[PDB]
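Working notes for the structure below.
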Amino acid sequence: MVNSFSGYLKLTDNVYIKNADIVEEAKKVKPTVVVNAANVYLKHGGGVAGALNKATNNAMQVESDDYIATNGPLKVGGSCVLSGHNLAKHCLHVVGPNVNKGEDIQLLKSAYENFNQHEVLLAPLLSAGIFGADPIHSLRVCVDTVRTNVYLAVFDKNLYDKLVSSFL
């Protein structure tokens, strides 16, 4: 049984990790679900969200603005399913707490629980990067929360090496 993903290191029964640009991984694999590191307003300005949105030629932002106009903002820890555009069938926009905004780090587990609604996902580490949480802590919450198959793309090589070498 051939896997659509390649080059991932298995961390647990269901969690895999790779030093890769999630945009490049999405273009290569076109997964059923790509996770975006969203904010409550779905304003995809920077980090993973800015990069995914730019890869969609801003179509993700246009769709997101219509979603917000209809539904209002998401909650920190919440998510919504929108189109994956050219990158995936769906994009699961998940809001991890942003430590730089003083958001509750306990909501990181709630954010990862959204992944359990999908059999397999291509995802970044929630609340990592510009969201300010410790990525080692995010990976621990991921492995202790997500039960579905998650393929984590870590953009930074030095961080990827540190995450693998410190994994328990």
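Readers should treat all values here as calculations from the given coordinates under stated rules, not as data from a laboratory. Virtual Cβ from ideal backbone geometry, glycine too; neighbours counted across all protein chains shown.
Neighbours of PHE5, meaning other residues whose beta-carbon lies under 12 angstrom from its beta-carbon, give a summed charge of +3 when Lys and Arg score +1 and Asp and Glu score -1. Using a Gaussian network model of the chain in which every pair of alpha carbons under 10 angstrom is joined by a spring, one finds that among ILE22, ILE136, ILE68 the greatest mean-square fluctuation is at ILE68. Residues considered: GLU113, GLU63, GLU25. Largest GNM mean-square fluctuation over the chain, using C-alpha springs under 10 Å, is found at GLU63. Of all DSSP beta bridges confined to the chain, the antiparallel ones make up roughly 30%. Gaussian network model of the chain, Cα springs within a sub-10 Å range: biggest mean-square fluctuation belongs to which of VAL35, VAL62, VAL94? Checking each option, the largest mean-square fluctuation is seen for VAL62.
Whole-Hz Karplus values for segment 112-122 come out as 5, 4, 4, 4, 5, 7, 9, 4, 8, 9, 9 Hz, taken residue by residue from phi with 6.51 cos²θ - 1.76 cosθ + 1.60 and θ = phi - 60°; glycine and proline positions read x. Each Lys or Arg adds one and each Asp or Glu takes one away; over the other residues whose Cβ falls under 14 Å from the Cβ of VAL29, this sums to +2.
Each eigenvalue of the Cα gyration tensor of the chain, multiplied by 5 and square-rooted, gives one semi-axis; in descending order these are 22, 19, 14 Å.
Charge dipole of the chain (Cα centre as origin; +1 on each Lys and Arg Cβ, -1 on each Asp and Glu Cβ, all else neutral): 220 debye, rounded to the nearest 20. Note: relative contact order over the chain, using C-alpha pairs below 8 Å and six or more positions apart, is 28 percent.
Applying 1/(1 + (r/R0)^6) with r as the Cβ-Cβ distance of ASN3 and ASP134 and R0 = 41 angstrom yields a FRET efficiency of 0.90. Rounded to the nearest 20, the Cβ-based charge dipole of segment 92-168 about its Cα centre (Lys and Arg +1, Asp and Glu -1) stands at 80 debye.
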